[PDB]
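Student:
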Amino acid sequence: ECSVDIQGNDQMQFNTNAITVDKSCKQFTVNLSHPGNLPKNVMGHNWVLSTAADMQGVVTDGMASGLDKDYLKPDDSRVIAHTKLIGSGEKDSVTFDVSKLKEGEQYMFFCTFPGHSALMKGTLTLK
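Here PDB author numbering = 1-based position in the sequence shown + 1.
#1: Helix, strand or coil: how does DSSP classify residue 64 here?
#2: Looking only at C-alpha atoms, which of 118, 96, 47, 106 sits nearest to residue 29?
#3: What are the start and end residues of the beta strand (DSSP E) that includes residue 92?
#4: May I ask you to verify whether the stretch 47 to 59 touches the stretch 102 to 116, counting CB pairs closer than 8 Å and requiring at least 3?
#5: Would you check if the distance between the CB atom of residue 9 and the CB atom of residue 35 is smaller than 7 Å?
#6: Taking the alpha carbon of residue 45 as the reference point, which residue from 37, 26, 5 has its own alpha carbon closest?
#7: Tell me whether residue 44 sits in a helix, a strand or coil according to DSSP, three-state version.
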(Lines of atoms letter the chains of each structure in order from A and count residues from 1; the text may use other names and numbers.)
(Lines give C-alpha, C1' and ligand atoms only; values in the text may rest on other atoms or scores of the structure.)
Protein backbone atom coordinates (compact mmCIF):
# COMPACT_ATOMS: atom_id res chain seq x y z
CA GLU A 1 0.00 0.00 0.00
CA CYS A 2 3.01 2.31 0.51
CA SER A 3 4.46 1.44 -2.91
CA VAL A 4 3.54 1.29 -6.61
CA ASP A 5 5.05 -0.53 -9.61
CA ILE A 6 5.06 1.56 -12.79
CA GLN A 7 6.01 0.43 -16.29
CA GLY A 8 7.07 2.70 -19.14
CA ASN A 9 6.96 1.12 -22.63
CA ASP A 10 8.60 1.67 -26.06
CA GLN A 11 5.55 3.70 -27.13
CA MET A 12 6.10 6.44 -24.45
CA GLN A 13 3.25 5.32 -22.15
CA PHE A 14 3.24 4.85 -18.36
CA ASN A 15 0.91 2.05 -17.16
CA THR A 16 -0.90 4.38 -14.71
CA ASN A 17 -2.13 7.99 -14.74
CA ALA A 18 -3.31 8.31 -11.11
CA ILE A 19 -1.37 7.48 -7.93
CA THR A 20 -3.07 7.47 -4.52
CA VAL A 21 -0.70 7.71 -1.53
CA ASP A 22 -2.44 6.42 1.64
CA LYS A 23 -2.57 8.77 4.68
CA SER A 24 -0.87 6.39 7.15
CA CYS A 25 2.19 5.85 4.91
CA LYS A 26 5.38 7.30 6.38
CA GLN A 27 7.41 6.42 3.27
CA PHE A 28 6.30 6.04 -0.37
CA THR A 29 8.21 3.94 -2.91
CA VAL A 30 8.01 3.87 -6.71
CA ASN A 31 9.48 0.90 -8.61
CA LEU A 32 10.00 1.83 -12.25
CA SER A 33 10.69 -0.76 -14.96
CA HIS A 34 10.88 -0.48 -18.75
CA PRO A 35 9.51 -3.29 -21.00
CA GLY A 36 10.52 -3.31 -24.68
CA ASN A 37 13.78 -3.21 -26.70
CA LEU A 38 14.79 0.49 -27.05
CA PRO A 39 17.98 2.12 -25.53
CA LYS A 40 18.03 5.04 -23.07
CA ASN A 41 19.29 7.70 -25.49
CA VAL A 42 16.05 7.41 -27.51
CA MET A 43 13.54 5.98 -25.00
CA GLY A 44 14.85 6.69 -21.51
CA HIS A 45 12.18 6.95 -18.84
CA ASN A 46 12.28 8.49 -15.38
CA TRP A 47 9.61 9.17 -12.76
CA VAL A 48 9.69 12.79 -11.55
CA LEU A 49 7.42 14.38 -8.93
CA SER A 50 6.57 18.07 -8.42
CA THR A 51 3.57 20.37 -7.85
CA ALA A 52 1.24 21.02 -10.81
CA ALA A 53 2.49 24.61 -11.02
CA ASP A 54 6.16 23.53 -11.03
CA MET A 55 5.96 20.75 -13.68
CA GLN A 56 6.76 22.93 -16.70
CA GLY A 57 9.85 24.61 -15.22
CA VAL A 58 11.23 21.17 -14.24
CA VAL A 59 10.51 19.85 -17.78
CA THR A 60 12.22 22.85 -19.47
CA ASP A 61 15.29 23.00 -17.18
CA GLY A 62 15.35 19.23 -17.40
CA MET A 63 15.65 18.95 -21.20
CA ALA A 64 18.43 21.57 -21.17
CA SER A 65 20.46 19.49 -18.64
CA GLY A 66 21.30 16.54 -20.92
CA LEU A 67 21.34 12.71 -20.67
CA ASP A 68 24.15 12.62 -18.05
CA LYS A 69 21.99 14.52 -15.54
CA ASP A 70 19.04 12.12 -16.26
CA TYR A 71 17.30 15.03 -18.02
CA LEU A 72 16.88 16.82 -14.68
CA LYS A 73 18.51 20.03 -13.39
CA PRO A 74 20.86 19.08 -10.48
CA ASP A 75 19.60 20.27 -7.05
CA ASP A 76 16.22 21.34 -8.55
CA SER A 77 14.29 22.45 -5.44
CA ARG A 78 10.97 21.88 -7.23
CA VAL A 79 11.59 18.11 -7.59
CA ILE A 80 10.14 16.27 -4.56
CA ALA A 81 11.42 12.83 -5.66
CA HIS A 82 12.93 11.21 -8.75
CA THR A 83 14.24 7.97 -10.24
CA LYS A 84 17.19 7.89 -12.66
CA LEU A 85 16.75 7.66 -16.46
CA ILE A 86 16.31 4.03 -17.56
CA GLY A 87 16.43 2.16 -20.88
CA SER A 88 14.65 -1.08 -21.77
CA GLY A 89 15.39 -4.00 -19.46
CA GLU A 90 16.59 -1.66 -16.67
CA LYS A 91 14.95 -0.89 -13.31
CA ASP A 92 15.17 1.88 -10.67
CA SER A 93 13.40 2.76 -7.45
CA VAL A 94 13.00 5.86 -5.27
CA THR A 95 11.61 6.29 -1.77
CA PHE A 96 10.56 9.63 -0.31
CA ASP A 97 9.03 10.89 2.94
CA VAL A 98 5.24 11.43 2.80
CA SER A 99 5.80 14.43 5.13
CA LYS A 100 6.99 16.28 1.99
CA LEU A 101 3.40 16.04 0.69
CA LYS A 102 0.24 17.99 1.60
CA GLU A 103 -3.26 16.45 1.51
CA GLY A 104 -5.55 18.09 -1.04
CA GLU A 105 -2.72 19.55 -3.17
CA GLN A 106 -2.41 18.79 -6.91
CA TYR A 107 0.78 16.85 -7.69
CA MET A 108 2.05 15.76 -11.10
CA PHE A 109 4.24 12.79 -11.96
CA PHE A 110 6.02 12.78 -15.33
CA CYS A 111 9.00 11.80 -17.49
CA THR A 112 11.46 14.57 -18.41
CA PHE A 113 12.87 12.99 -21.60
CA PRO A 114 12.54 15.51 -24.54
CA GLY A 115 9.11 15.54 -26.17
CA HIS A 116 7.89 12.68 -24.00
CA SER A 117 6.37 14.63 -21.03
CA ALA A 118 3.11 15.28 -22.89
CA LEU A 119 2.58 11.53 -23.40
CA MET A 120 4.05 10.46 -20.04
CA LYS A 121 2.26 12.17 -17.14
CA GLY A 122 -0.42 11.82 -14.48
CA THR A 123 -1.64 12.86 -11.02
CA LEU A 124 -0.52 11.98 -7.46
CA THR A 125 -2.65 12.74 -4.37
CA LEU A 126 -2.46 12.17 -0.61
CA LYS A 127 -5.84 10.80 0.58
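For every residue, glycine included, the Cβ atom is placed at its ideal position computed from N, Cα and C.
Tutor: With the structure as the only source:
#1: helix
#2: 96
#3: 92 to 98
#4: yes
#5: yes
#6: 37
#7: helix
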